[PDB]
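Presented as structure tokens, the chain that follows is alone, the form deposited in one PDB entry.
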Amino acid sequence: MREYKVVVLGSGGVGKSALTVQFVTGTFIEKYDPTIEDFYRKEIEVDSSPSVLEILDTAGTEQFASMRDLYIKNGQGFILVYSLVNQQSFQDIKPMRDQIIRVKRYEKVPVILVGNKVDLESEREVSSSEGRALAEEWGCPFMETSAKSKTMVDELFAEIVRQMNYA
């Protein structure tokens, strides 16, 4: 079975857990402790070929540099999530990506940048153009999501599979 190990990263409260649980269960959650780590296995077809994803949902809030290193070493593809209604979470995702490239120095690293919470667009603090500009500097896909939408979340997880195969 081709298995892909995906790790979801980003500051506390951006929606890592809500995106993952939308993907797994098709439902949107209202809150969940930031100190929990959870693994999920889930089959997906991407471009009509069945794949198995193991997704690691991280306790991401200010966690110690060596603990982010451990997650990076053992993941194969990374979803980097910020909240478009929280510009500090956008500033925070830059160091996270650069740490991945350094830690994984002998590899091309499949990554996607996600600006989440697009359903709250009247509280938007980060423009689409600013996220797109950063993803263009990183040479990776960019998407704005809401964890309320199962189609957006399915498209996200399909595209990380495609990135992991192209690398």
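Note that the rigid core is defined as the largest set of C-alphas that superpose within 1.5 Å between two forms. Residue numbers run from 1 along the displayed sequence.
This next part talks about the form deposited in another entry, which is not shown.
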Just checking, between this form and the one not shown and with the core aligned, does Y40 shift 2 Å or more at the CA?
no
Rigid core fit then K108 CA moved by 2 Å or more between this form and the one not shown
yes
When you overlay the rigid core, is the Cα of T58 off by 2 Å or more between this form and the one not shown?
no
Residue pair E137, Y106 - Cα distance in the other form, closer or farther (3 Å or more):
closer
So the CA-CA distance for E107 and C140 moves by at least 3 angstroms in the other form. Closer or farther than here?
closer
